[PDB]
Amino acid sequence: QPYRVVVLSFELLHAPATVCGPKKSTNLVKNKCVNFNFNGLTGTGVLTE
Amino acid sequence: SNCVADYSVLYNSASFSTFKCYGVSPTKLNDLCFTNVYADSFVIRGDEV
Amino acid sequence: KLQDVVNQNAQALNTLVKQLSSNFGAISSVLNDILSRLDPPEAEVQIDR
């Protein structure tokens, strides 16, 4: 048989993020230790301004 | 580019005979964000997949 | 002689820090990116490397 085929080929460059999956953002927290996800460069820390 | 996508809509579709992935696991896509998507599309023989 | 002993230790620490950033054949050197991109059955192979 014939088959329809698709390839999705994400680019993980060190560059401005431009397509996301849906996860809802939340308020910024200062001087508290928190788990953080900016644009998928996830980590844990004290977000100081 | 410059949009949001719910990959779980694709994941939950039983219509796909394979959903194979090589550098991300297909549950985690909804939590990720990317620089380019690059979707490629074609028709081939089922034996060629 | 004293400057030499300080420099050799500072080089050892700079080396040991840079080695964190090396792939060693895994898909990333940022450990948290692996843990966010992959499920354990796949991630255990990368993290073992």
# chains A, B, ... in the order shown; residues from 1 in each chain; ligands from 1

call {"tool": "closest_atom_pairs", "arguments": {"of": "chain B", "to": "chain A", "cutoff": "9 Å", "atoms": "only C-alpha atoms", "output": "Markdown table"}}
result
| residue | atom | partner | partner_atom | distance |
| --- | --- | --- | --- | --- |
| B:1 | CA | A:19 | CA | 5.7 |
| B:2 | CA | A:18 | CA | 5.0 |
| B:3 | CA | A:19 | CA | 5.3 |
| B:4 | CA | A:20 | CA | 5.2 |
| B:5 | CA | A:21 | CA | 5.2 |
| B:6 | CA | A:21 | CA | 5.7 |
| B:7 | CA | A:21 | CA | 7.0 |
| B:29 | CA | A:21 | CA | 6.3 |
| B:30 | CA | A:21 | CA | 4.1 |
| B:31 | CA | A:21 | CA | 5.7 |
| B:32 | CA | A:40 | CA | 5.4 |
| B:33 | CA | A:20 | CA | 4.0 |
| B:34 | CA | A:19 | CA | 5.2 |
| B:35 | CA | A:17 | CA | 4.7 |
| B:36 | CA | A:11 | CA | 5.1 |
| B:37 | CA | A:10 | CA | 4.6 |
| B:38 | CA | A:9 | CA | 5.2 |
| B:39 | CA | A:8 | CA | 4.7 |
| B:40 | CA | A:7 | CA | 5.1 |
| B:41 | CA | A:6 | CA | 4.7 |
| B:42 | CA | A:5 | CA | 5.4 |
| B:43 | CA | A:4 | CA | 4.7 |
| B:44 | CA | A:3 | CA | 5.4 |
| B:45 | CA | A:2 | CA | 4.7 |
| B:46 | CA | A:3 | CA | 5.6 |
| B:47 | CA | A:1 | CA | 8.3 |
| B:49 | CA | A:5 | CA | 8.1 |

call {"tool": "select_by_dssp", "arguments": {"residues": "range 1-44 of chain C", "states": "helix (DSSP H, G or I)", "output": "PyMOL selection string"}}
result
chain C and resi 2-21+31-37+40-44

call {"tool": "interface_residues", "arguments": {"of": "chain C", "to": "chain B", "cutoff": "8 Å", "atoms": "only C-alpha atoms", "output": "PyMOL selection string"}}
result
chain C and resi 27+36-39

call {"tool": "closest_atom_pairs", "arguments": {"of": "chain C", "to": "chain A", "cutoff": "12 Å", "atoms": "only C-alpha atoms", "output": "tab-separated table"}}
result
residue	atom	partner	partner_atom	distance
C:27	CA	A:12	CA	11.0
C:28	CA	A:12	CA	10.5
C:30	CA	A:41	CA	9.3
C:31	CA	A:43	CA	9.9
C:32	CA	A:42	CA	6.8
C:33	CA	A:41	CA	7.0
C:34	CA	A:42	CA	10.5
C:35	CA	A:42	CA	9.7
C:36	CA	A:42	CA	7.8
C:37	CA	A:40	CA	9.3

call {"tool": "write_last_selection", "arguments": {"atoms": "N, CA and C atoms", "output": "CSV table (one decimal), in the first residue's frame"}}
result
chain,number,residue,atom,x,y,z
C,27,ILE,N,23.3,13.0,23.9
C,27,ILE,CA,22.7,14.0,23.1
C,27,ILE,C,22.7,15.4,23.7
C,28,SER,N,23.2,15.6,24.9
C,28,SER,CA,23.5,16.9,25.5
C,28,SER,C,24.5,16.7,26.7
C,30,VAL,N,24.0,19.3,29.1
C,30,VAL,CA,23.1,19.9,30.1
C,30,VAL,C,22.1,18.8,30.7
C,31,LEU,N,22.5,18.2,31.8
C,31,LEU,CA,21.8,17.1,32.4
C,31,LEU,C,20.3,17.3,32.5
C,32,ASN,N,19.8,18.4,32.9
C,32,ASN,CA,18.4,18.8,33.0
C,32,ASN,C,17.6,18.8,31.7
C,33,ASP,N,18.3,19.1,30.6
C,33,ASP,CA,17.7,19.0,29.3
C,33,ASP,C,17.3,17.6,28.9
C,34,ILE,N,18.2,16.6,29.2
C,34,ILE,CA,18.0,15.2,29.0
C,34,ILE,C,16.7,14.8,29.8
C,35,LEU,N,16.7,15.1,31.0
C,35,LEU,CA,15.6,14.8,32.0
C,35,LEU,C,14.3,15.4,31.6
C,36,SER,N,14.3,16.6,31.0
C,36,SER,CA,13.1,17.2,30.4
C,36,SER,C,12.7,16.7,29.0
C,37,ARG,N,13.6,16.3,28.2
C,37,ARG,CA,13.4,15.8,26.8
C,37,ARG,C,13.0,14.3,26.7

call {"tool": "residues_around", "arguments": {"residues": "residue 46 in chain A", "least_positions_apart": "5", "cutoff": "7 Å", "atoms": "only C-alpha atoms", "output": "JSON, numbers by chain"}}
result
{"A": [31, 32, 33, 34]}

call {"tool": "atom_distance", "arguments": {"atom1": "CA of residue 48 in chain B", "atom2": "CA of residue 15 in chain B"}}
result
18.6 Å

call {"tool": "select_by_dssp", "arguments": {"residues": "chain A", "states": "strand (DSSP E or B)", "output": "list in words"}}
result
residues 2, 3, 4, 5, 6, 7, 8, 11, 19, 20, 33, 34, 35, 36, 43, 44, 45 and 46 of chain A

call {"tool": "atom_distance", "arguments": {"atom1": "CA of residue 48 in chain A", "atom2": "CA of residue 29 in chain A"}}
result
8.6 Å

call {"tool": "residues_around", "arguments": {"residues": "residue 24 in chain C", "least_positions_apart": "2", "cutoff": "7 Å", "atoms": "only C-alpha atoms", "output": "PyMOL selection string"}}
result
chain C and resi 22+26+49

call {"tool": "write_last_selection", "arguments": {"atoms": "N, CA, C and O atoms", "output": "compact mmCIF listing (two decimals), in the first residue's frame"}}
result
# COMPACT_ATOMS: atom_id res chain seq x y z
N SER C 22 31.10 18.71 28.30
CA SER C 22 31.41 17.78 27.22
C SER C 22 30.32 16.72 27.05
O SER C 22 29.82 16.17 28.02
N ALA C 26 26.67 11.54 24.68
CA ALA C 26 25.24 11.76 24.95
C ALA C 26 24.67 12.87 24.05
O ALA C 26 25.42 13.66 23.48
N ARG C 49 25.93 7.28 29.94
CA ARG C 49 27.08 7.76 29.18
C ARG C 49 27.70 8.99 29.83
O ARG C 49 28.92 9.08 29.96
